[PDB]
Amino acid sequence: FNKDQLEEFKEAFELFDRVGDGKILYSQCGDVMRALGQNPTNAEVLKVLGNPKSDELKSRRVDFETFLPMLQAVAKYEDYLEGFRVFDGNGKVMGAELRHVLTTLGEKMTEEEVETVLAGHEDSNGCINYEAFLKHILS
Amino acid sequence: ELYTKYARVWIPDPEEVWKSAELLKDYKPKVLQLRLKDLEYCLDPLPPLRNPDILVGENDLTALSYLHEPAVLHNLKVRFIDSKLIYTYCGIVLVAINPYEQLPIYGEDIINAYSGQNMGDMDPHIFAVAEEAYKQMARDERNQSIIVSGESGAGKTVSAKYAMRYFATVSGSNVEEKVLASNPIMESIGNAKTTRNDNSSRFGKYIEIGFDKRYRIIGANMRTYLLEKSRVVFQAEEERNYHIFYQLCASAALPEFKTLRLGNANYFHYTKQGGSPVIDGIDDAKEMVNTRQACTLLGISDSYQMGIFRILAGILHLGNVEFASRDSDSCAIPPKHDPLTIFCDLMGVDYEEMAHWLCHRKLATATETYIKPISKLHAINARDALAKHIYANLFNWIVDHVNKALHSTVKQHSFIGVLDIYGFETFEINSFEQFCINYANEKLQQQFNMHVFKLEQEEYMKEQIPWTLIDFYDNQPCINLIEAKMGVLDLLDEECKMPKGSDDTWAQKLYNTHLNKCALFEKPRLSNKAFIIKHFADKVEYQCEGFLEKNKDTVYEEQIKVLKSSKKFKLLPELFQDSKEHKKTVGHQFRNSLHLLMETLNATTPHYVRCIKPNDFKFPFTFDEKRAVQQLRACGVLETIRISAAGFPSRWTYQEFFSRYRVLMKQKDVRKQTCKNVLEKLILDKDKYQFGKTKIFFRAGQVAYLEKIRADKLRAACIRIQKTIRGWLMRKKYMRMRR
Amino acid sequence: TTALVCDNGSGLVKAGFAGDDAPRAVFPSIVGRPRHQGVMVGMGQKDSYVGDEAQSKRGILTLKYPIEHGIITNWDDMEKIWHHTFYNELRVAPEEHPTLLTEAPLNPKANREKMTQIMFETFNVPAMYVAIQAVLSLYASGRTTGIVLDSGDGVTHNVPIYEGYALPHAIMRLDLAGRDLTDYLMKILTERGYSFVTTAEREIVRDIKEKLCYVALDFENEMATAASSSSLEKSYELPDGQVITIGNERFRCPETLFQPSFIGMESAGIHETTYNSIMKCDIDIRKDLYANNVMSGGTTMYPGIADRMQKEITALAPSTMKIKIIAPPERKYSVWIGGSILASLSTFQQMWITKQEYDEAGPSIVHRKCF
Amino acid sequence: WXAXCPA
Ligand SMILES: Nc1ncnc2c1ncn2[C@@H]1O[C@H](COP(=O)(O)OP(=O)(O)O)[C@@H](O)[C@H]1O
Ligand SMILES: Nc1ncnc2c1ncn2[C@@H]1O[C@H](COP(=O)(O)OP(=O)(O)O)[C@@H](O)[C@H]1O
Ligand SMILES: [Mg+2]
Ligand SMILES: [Mg+2]
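Deposited coordinates in this entry are attributed by the record to cryo-EM, at a stated resolution of 3.6 Å.

In structure tokens:
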């Protein structure tokens, strides 16, 4: 990161500080990384966080200077499309099935997150054009 | 190979035959860290391995990726306990577990739904195999048979009954209800109580349903085989002779019987001996009113029925006869004697004639006729053998007249046969009665193995694969141990001839002939008196102490001619009317009955049903591992899975294979042409997999390997999708904090 | 298939199938030839008669026995008897059925060799065996342990068997026999002025012996009493209706079994050979040989021979040891019945001497395998 | 026999 990048990232980090101490929580670190363009796994997020325990993940606060090496560490299409084509073969995906897999497999999310991401992308049959949904969610 | 962390394993355990385990840290090449609630676990010069959970609960036990006793046991357990599905398949062989409380499942709509369509398509059921018999009969014009086998109380008779209800409802033309109404008679004459349950059936019963050329049901014919009649004279502790004797004794207070002067059940030597005059579930006096109804409704006249009961009481009173010995050489009946007096007055025959002929035997050559005294021992043998002969001829006569009541004089294009027979058995004392049952199941499972082998050889012709991958276990070396000219049944029947014969000497004659001359015959380590036979199911140990006294039958012809001489009532000559046969011991009459039964089944292509009893205590609708493993081994299902595991147990249609694996494999390949590469891509060699014409054949484990790599890949896909949608959703949370 | 069992006494053939209860054929083992001029041209003619033919026609015939003292003395007569046995009497082809044959314990080996050779060469029976009669009587009587006294038309012999072991040094043979009771009986009937001087006539003597003989429970008493006054004297009908009357004498023939001094035989009577047989036996077994005395063979059939034996051997035994005698009423057959049992035992199927094994081995095999 | 007796 260059000085301009470091300034923009520090400013963004301070925007996420809801306590005024110039810090975010560990549990917000992932949210900040994603807001800054990273897509780390929970395992990767905990790793750059130092695999924190629940208590420090929810209440221990770190400033930008400690986050920055972690952001760097996290930073360092056709597969994504085939991954979506897994759930297809008419180029569609059931809304119910995508909802089920996102709320029941992997690092399970809440129904509201899935409803939020899925809103407006399924048609009358209840089919999602996944190439378009993928381009939309990657923008 | 594969044992890795978060894999699952089955561990052996004393309490329940296998327990679920999780593998906590990966294996590396003698000791494992497992979780169950933590134990380390150990290996000796590897543990069984567990099918992916979506296959568990699958419909046919052959389908499973890993085939072994834990998996079969679990797949039965969950399917019975949680899903309440009793019927299950292994290969062609249905498996049935008695729900032991009734269910909707047998209703007429299910009969209709099973009619007319492949049994592989529909869920497994007894109707499914019945329908396949009904189809194959018309498809081939070869008679079809069904074989139903298990422990006593496993549900053989009720499975037969539902096969009957299926035939009745499909064809629709009465024979059905007469067939059902025969059962109380055949129980009462033919069922018994044993140390492990009441209402064991000690004979093997075959119903022939015959058909019009258009396969409408004309009529029904009954046969019986392998009856066991030592039980009439001889009973072990807490056993009973056939129920009819107790029902009769219970009658005695009632005026019609009264002239028979029956005692209480303890009084007579035959009912006395087992020590269980009362039985906990049945009001025994009440039961026969059902027997006598069944006789009436099945065309046995009141004229005959009292003749039957007069013959049975005749047998009991005969049995109570008591012999005073004179000498080593000779014995006599005391000068006036009550249990022979009443016996003769029931039968009519002159007391002074029987008192002579019971005690002495005639022997003559045309110049010279001689009368010998015989010892008290041979006199007791003769008396008991006469009782067993009367009883066997009564049984045959009742079966004949039931047949006359079922038959119609209408002409038969083919038949389906439904057969109920005691299953292979082991108890922790075994004696000649049980040795016979085990030998009969040797023959039936010879037929079973030879048939299933032949059908896999035919399927590998139908879809082309070399024969060599098939080879099969055969039990002919054991039948040659039981039945050939120096087999156990032959050395046994020999000593019945021998001048002095005893278990101490018969055991020795076995050991001398067999003990180092075979690998299936072995001596139990701590006893001369017992011997062990390695049947297909198990090693079984038998005690010689029973055999020679149970083995022995000779009826002296005089005592029959003296009974035939009766004019008092006409049934008694009628039994005998219809020699070399009288000499034949029980072992020989059994061998020749089983040779008849096999002559009857070898005519026919069998189907199979197996019934297993969940638990000893008759608890409803619950399951105990420790019986079930033994039952499933005694059915040979476990050698069926072990052989199939040696082979290519899992069959896949190319279409379902495409459906499941397309999510794994790439659009670049487009459906056998896809598999041609993709299967070598994923699996090292054709030795793992055959391509048949319309099917694919896997060595067992490989399908689990497929499922594992598929699930790992799909988890990777879903994880990346979630993380991608989280990234932009978090950019939305950023835009909300800006707002 | 089922073996044949065929027993040659001197005095009868007894034949039938293995596992049959009693022999299917019995007939005197006697061959007759016509001696007189045949007058009637176009009447039947035969070179020989066998069995119940020679019985039915005896007056016209020289009757001769092929067997003398369990030795087959000329072979064409014997061959003709066996031929009549298998084909005419039993109607069985021998080629289909194996055969079991019977012999006295000490007679010459040449008897066994010829008896084998004729069976394989002439009839081609599938398999053959030969058995010592005293062994068979134990099978017949349901015992493993006993001393058997067995006495036929031509031979009397003792064989002690303890618990399935025969004991060959023990074994004794006498030639007092039914034929040589009869040959005495004629000579003493001459004392009453009857004479029976041809073999056809001699059989009448044998019918006398069978019907009217009996054994003196003690001999000097009745020899005094009947000579003093005779109630006992009893009278018999010859075939032409002559009545002939026999007194004290009818016991005097059975007594020859107990006193061969009458005939001039060296030996002691059967009781003293029975005792000397047990005395040859080891003292450990003797207690059980004394109890299981088995009487066997038709010469034992004379009424009272059982009790005369039980009495007279008791005098020789020590009082502490006790004597029991077993004479079942069928005992004449018993040597055949024991063969019926033996031939049917499944273990026996190894025992047999087989057409292949003979064809390789030579007829000497019967000594080696059979015993 | 052959010696001590006639048969
Ligand atoms: N399919 C079934 N549905 C309901 N009850 C059953 C079933 N099978 C068995 N039973 C119960 O178990 C009992 C024992 O089986 P049954 O066939 O009568 O004895 P066996 O198998 O020795 O002939 C039956 O009488 C019935 O009470
Ligand atoms: N009922 C009888 N009473 C006395 N002597 C008999 C009787 N039957 C046969 N005999 C005699 O015994 C001899 C036949 O006995 P048997 O046992 O047939 O001899 P073998 O066994 O050698 O043929 C003949 O001498 C005959 O006279
Ligand atoms: Mg039943
Ligand atoms: Mg004899």
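Further notes follow.
Caption draft 1: Here's a closer look at the overall build of chain A. When you go through chain A residue by residue, the secondary structure sums to 9 helices and 2 strands. Its helices and strands in sequence order give chain A the pattern α-β-α-α-α-β-α-α-α-α-α, from N to C terminus. Viewed in the frame of its principal axes, chain A has a C-alpha envelope of about 50 × 35 × 25 Å.

Caption draft 2: Quick look at the overall build of chain C. Within chain C, the secondary structure is distributed over 15 helices and 19 strands. Taken over the C-alpha trace, chain C has a radius of gyration of 22 Å; the compact-globule value for 371 residues is 21 Å, and the two agree within 12%. Principal-axis analysis of the C-alpha atoms gives chain C an extent of 70 × 70 × 35 Å. Burial analysis of chain C (371 residues in total) assigns 54% to the buried set. Excluding contacts between residues fewer than 6 apart, the proportion of contacts in chain C whose partners are at least 24 apart in sequence is 68%. Treating the 37 positive side-chain charges of chain C as one cloud and the 46 negative ones as another, the clouds have centres 1 Å apart.

Caption draft 3: Inspection of helix α7 (residues 243-251) of chain B at higher detail. In terms of burial, α7(B) is a largely internal element, 8 of the 9 residues being buried. Taken together, the buried positions of α7(B) are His243(B), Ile244(B), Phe245(B), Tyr246(B), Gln247(B), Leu248(B), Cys249(B) and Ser251(B).

Caption draft 4: Looking closely at the site of ligand 2. Residues and elements named next belong to chain C. For ligand 2, the set of nearby residues contains 17 residues, the closest of which are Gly9, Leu12, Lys14, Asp153 and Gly298. Within the contact set of ligand 2, an oxygen atom lies 3.1 Å away from a backbone nitrogen or oxygen of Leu12. Interatomic distance of 2.9 Å between a side-chain N/O atom of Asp153 and an oxygen atom of ligand 2. Relative to its unbound accessible area of 570 Å², ligand 2 is 87% covered by the protein chains. Residue contributions to the shell around ligand 2 peak at 3 residues, all from helix α6 (residues 199-212). Its residues assigned to classes, the shell around ligand 2 shows 3 nonpolar, 8 polar and 6 charged.

Caption draft 5: Highlighting the domain arrangement of chain A. Taken as a whole, chain A is organised into domain 1 (2-77) and domain 2 (78-137). On a C-alpha basis, the centroid separation for the pair domain 1 of chain A and domain 2 of chain A is 28 Å.

Caption draft 6: Examining the interface of chain B and chain A more closely. In this assembly, 23 residues from chain B lie in contact with 31 residues from chain A. No other element matches the 19 residues that helix α27 (residues 702-738) of chain B contributes to the side of chain B that touches chain A. Each residue belonging to the side of chain B that touches chain A can be placed in one class, and the counts come to 12 nonpolar, 4 polar and 7 charged.

Caption draft 7: Structural detail: the sheet that holds strand β23 (residues 695-698) of chain B. Residues and elements named next belong to chain B. A sheet is described by the order of its strands in space; here 3 strands give the open sequence β21-β23-β22, paired in antiparallel fashion. Here the strands that pair on one side only, and so sit at the sheet edges, are β21 (650-653) and β22 (689-691). Strand-to-strand twist of the sheet, defined as the mean angle between neighbouring strand axes without regard to direction, takes the value 20°. Of the strand pairs in this sheet, β21 and β23 are connected by 4 bridges, and their pairing is antiparallel. Paired with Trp652 across the bridge in β23 is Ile696. The sheet strands contacting helix α25 (residues 654-662) are β21, β22 and β23, and the helix crosses β21 at an angle near 85°.

Caption draft 8: Here's a closer look at empty space enclosed by the protein. Residues and elements named next belong to chain B. Considering only enclosed or pocket space, the largest cavity measures out at about 250 Å³ in volume. Of all the secondary structure elements, the ones that give two or more residues to the lining of the largest cavity are β7 (144-150), α14 (432-462), β20 (605-612) and α23 (625-634). Residues of the lining of the largest cavity, tallied by class, amount to 5 nonpolar, 8 polar and 6 charged. Space inside the second largest cavity adds up to approximately 200 Å³. As for the second largest cavity, its lining consists of 14 residues, and the residues nearest its centre are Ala160, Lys161, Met164, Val179 and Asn183. The set of elements that each furnish at least two residues to the lining of the second largest cavity consists of α4 (156-171), α5 (175-190), β10 (204-211) and β16 (414-422). Residues of the lining of the second largest cavity, tallied by class, amount to 6 nonpolar, 3 polar and 5 charged.

Caption draft 9: How the structure looks around the interface of chain B and chain C. With 21 residues of chain B at the interface, the matching set in chain C holds 22 residues. Buried area between chain B and chain C, summed over both chains or domains, comes out near 1800 Å², and the portion from carbon and sulfur atoms is 57%. Of all residues in chain B, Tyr370(B), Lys497(B) and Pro499(B) give up the largest surface area on contact with chain C, accounting jointly for 28% of the area buried on that side. Linking chain B to chain C there are 2 salt bridges. For the pair chain B and chain C, the interface holds 11 residue pairs in polar contact. Considered class by class, the residues forming the side of chain B that touches chain C number 8 nonpolar, 3 polar and 10 charged.

Caption draft 10: Spatial organisation of the packing of helix α10 (residues 270-280) of chain C against helix α12 (residues 305-316) of chain C. Residue and element names in this part refer to chain C. The contact between α10 and α12 brings their axes to 10 Å, and the two run at 50°. It follows from the interaxial angle that α10 and α12 lie oblique. The crossing of α10 and α12 is right-handed. Counting all contacts with α10, which are made through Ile270, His271, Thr274 and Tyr275, the residues of α12 involved are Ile305, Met309, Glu312, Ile313 and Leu316. Of the residues that constitute the contact of α10 with α12, the class distribution is 6 nonpolar, 2 polar and 1 charged.

Rules used in this analysis
Residues numbered from 1 in each chain as written, not as in the entry; some residues may be left out. Chains lettered and ligands numbered in written order. Heavy atoms only, no water. Residues with missing side-chain atoms left out of burial classes, pairs and counts. Helix = DSSP H or I, 4+ residues; strand = E, 2+ residues; numbered from the N terminus. Rg over C-alpha atoms; globule rule 2.2 N^0.38 Å. Buried < 20%, exposed > 50% of the residue type's maximum accessible area, 1.4 Å probe, protein only. Contact = heavy atoms within 4.5 Å. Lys, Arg positive; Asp, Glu negative; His and termini not counted. Charge placed at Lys NZ, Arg CZ, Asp CG, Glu CD. Near = heavy atom within 4 Å. Polar contact = N/O pair within 3.5 Å; in protein donor to acceptor, adjacent residues only side chain to side chain. Areas by Shrake-Rupley, 256 points an atom, 1.4 Å probe, with all protein chains shown as cover. Nonpolar A, V, L, I, M, F, W, Y, C, P; charged D, E, K, R; others polar. Domains from an automatic or database assignment. Pairing = 2+ DSSP bridges. Axes fitted to C-alpha atoms, helices over the stretch in contact; angles between N-to-C directions. 1 Å grid on protein atoms, 1.4 Å probe; cavity = no way out; pocket = protein on both sides within 12 Å on 5 of 7 lines; lining within 4 Å. Points joined across faces, edges and corners; volume = space filled by probe spheres on them. Buried area = accessible area lost by both parts, 1.4 Å probe. Salt bridge = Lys/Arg side-chain N within 4 Å of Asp/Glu carboxyl O. Parallel < 35°, antiparallel > 145°, perpendicular 65-115°, else oblique. Left-handed = near helix turned anticlockwise from the far one by under 90°.

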